[PDB]
Every structure is written in C-alpha cells, then in structure tokens.
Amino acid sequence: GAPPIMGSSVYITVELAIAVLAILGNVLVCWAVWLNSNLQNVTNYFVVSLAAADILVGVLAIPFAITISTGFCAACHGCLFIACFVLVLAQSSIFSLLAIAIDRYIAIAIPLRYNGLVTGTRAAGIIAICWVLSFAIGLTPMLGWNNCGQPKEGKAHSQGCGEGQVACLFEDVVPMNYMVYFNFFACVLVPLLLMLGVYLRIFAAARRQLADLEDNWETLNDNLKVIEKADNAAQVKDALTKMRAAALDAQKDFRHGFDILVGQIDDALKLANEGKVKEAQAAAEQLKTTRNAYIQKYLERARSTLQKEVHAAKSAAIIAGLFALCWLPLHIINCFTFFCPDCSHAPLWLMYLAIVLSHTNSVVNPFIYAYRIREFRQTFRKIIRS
C-alpha cells in the first residue's frame, strides 16, 4: 500500500494540466467569436455556450474533483454541491451539442426559412433556458435524491469528522440509481441517440439534394439529345415539356440564367406546337449556350455549398462523438458498480483514468475547430500572432 499522496500527486498534477489547457483553448474560442463577425452566427453561439461549460470545468469542476478525491470532512449537502456541479456542466454541454445538430439540420432541410426561423435572439433565449435546465438536472440530488439521510458514520468517525459531517466522496453522497437511470440513461444516452438520429437525417438530406442536382443536370442534357435526334414535332414537344418542368424545379445572374432558359424552352415549345421541327430543334440548340454560361455555374455553386454543409456537419458530429468517447467510460463503470454488486469495484487506477479522460473532453474542441474550420484557424492565428 504505497503512500496515497504519491498517486494523488500524479492525479492532481494531471488534473491541473488539463484545467490549464481547457481554460486557454476555450477562452481562445470565445475570443475568436467575439472578434470575428464571420464567426457570429447562431451555430457559434451554442459553440460559445459549450466553450463556457468547458472553461468552468477547468475553473471549478476540476478543483472540485481534486477536493472530493481527498474524502475531506464536509457537511453532506455542501459535499453534494461540489460533487454535482460537474453534472450541470456536462448537461449544458449535451444541450449545446443537441442544439448545434438541430441548427445544422434546419439549415440543410429548409434553408429558405432558416434565417427567419433561427435568430440570434431566439438562440440566446434557448441557451438561457438550457442552462437553467442543466442546473435543475445536475443539482437534482440536492433536491433530496441523495444519500445524506444515510451517512457512512464509521467512515466519518474514522476521519475525525464533526457532527453532521461526512467524508466527502462522490459515490457516498450521489446515489448510483440517479447516476445510471436518471443521469446516464435519460439525460445523456437519450440525447446522444437523438443527436445521432439528427446527424443521420442531415447526411441523408445532403445525399438526396446532391442526387437531385445531378438528376436534374442529366435530365437537361438527356432531353437535349432527344430533341436533336427527334423526327417529328411531337417528340420535340415531349422533351421540351419535361425540360420546362425540370427547369422550374431547379430554380426553386442566377435569376437571369433561368429566365433565359425557361424563355428559350418556351420559344422552342411554341415552334414545336406549330409543327416546325427543324426550327424548334435549332431554337433548342440555343439552350446549350445558356447551359454553359449560366446553368452549370449554378449547379457547381449549389454542389459546393452542399459539400461545405456536409463538411461542417461532420465537424460538429466529431465534437459530439468525442464527447461520447470521453464520457462513456465513467458511465459504463457506474453501470458495473450499480448492476453488478457481485463484481469488484473498478480499481483505483482505472477510476482516475476515467475521471481524467472525461475532463480531457474540455480540451479537445478548440483543436477540432482549428483543424476543421478555416475561419476559426485563421482567427486563432491572428489572435496568437498579435
């Protein structure tokens, strides 16, 4: 049994290193959003709320975790607060991650009404509401779902604790049925699964819209070929009518290009209906000039916008997946403790790895933004250089 202060020194030193990096990186995120108006959008207000939670992991939750690792004597309800505050920050993170996913889904699924639906003032209200709900969820043990009514008196007496005091240890004061059924299953697992469903819908919507763009492009070029090798006016008419409905479907300098295109289709359709096949086919050949000068530029720009949305949704999904990767080990350990009382408790070294891993999640987001979002990376460079 090596002196506890030795392994404690390693744990504390690692925690302090994580706290420093979590503060510095997420302050940099908040500084970047404040300074750059290209970063001031609803999506990034949730990013800032998420960075604020991670700053508070460094400033408060990590000091609280160090404190409660000592088992020091404390009034049980005071011990509850330092045990549970991190649950508020994790819950706020969950709400921010879910909001980011939903925001990106609205942007990809109804972009025409996004800006009118998703506003900065509405985002700020949602963030306020989510922080209040995070306090209610994370501090629910302080409302009475706690073990303060059944203190471990032998542990308190062995440490010289005063009257009404307990040895302040997370698993002695926070009930494990709360941690497993309420916190993990209901408040963490269900929102993460909802996030997964939203991201699946985002990527499926992007895939469908890109396919729809390519289908309309092929229909345009296919029907032009049909007109060229048509042998009567009715065949020309058939292909032009299919082109006209498709042109309006793709319309839902951009406006000018489609105005020319639909007009040139109408010109050829009128000639077709007069039985002037050769003249209609010549009129339809003009469509190619409009296709090259206008329509192809719209196709490429629409594709480029969708691909950027896919890239941004992947970046956001990486953040959500890394949250799950960092927090799941601690939750899984709690499940073993709760569901398997015949199993030996996870060993002390694994406890400290799982706790430290959950704290490292507050370090990682600034790096994801830097490596994946040019506007962040460039703003980070300007802040650091200056």
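Numbers for residues come from their place in the sequence shown, where the first is 1.
With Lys252 and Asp253 adjacent in the shown sequence, let me know how many deposited residues between them lack coordinates: none, 1 to 3, 4 to 9, or 10 or more. Unmodelled stretch: 10 or more residues.
Look over 370 to 378 and 13 to 21 in the entry and identify the one with the greater average Cα temperature factor. Averaged over C-alpha atoms, the B-factors run higher in 370 to 378.
Looking at the deposited entry, does 322 to 330 or 38 to 46 carry the larger mean Cα B-factor? Going by the record's values, the stretch with the higher mean is 38 to 46.
Going by the deposited entry, which of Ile227, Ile100, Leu143, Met176 has the highest CA temperature factor? Max CA B-factor in the entry, restricted to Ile227, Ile100, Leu143, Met176: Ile227.
Residue, from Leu196, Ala313, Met243, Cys130, that the PDB entry assigns the highest Cα B-factor: Reading the PDB entry, the winner on C-alpha B-factor is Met243.
When the deposited Cα B-factors of this chain's modelled residues are ordered and cut into thirds, is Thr219 in the lowest, the middle or the highest one? Highest third of the chain for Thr219's C-alpha B-factor.
Where does the C-alpha B-factor of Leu248 rank in its chain, lowest, middle or highest third? Answer is highest: the recorded C-alpha B-factor places it there.
By the recorded C-alpha temperature factor, relative to the other modelled residues in its chain, which third is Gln286 in? Answer is highest: the recorded C-alpha B-factor places it there.
Please say which third, lowest, middle or highest, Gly138 falls into when its CA temperature factor is compared across its chain. As the PDB entry reports it, the C-alpha B-factor of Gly138 lands in the lowest third of its chain.
Would you mind checking where the Cα B-factor of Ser92 ranks among the modelled residues of its chain, as the lowest, middle or highest third? As the PDB entry reports it, the C-alpha B-factor of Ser92 lands in the lowest third of its chain.
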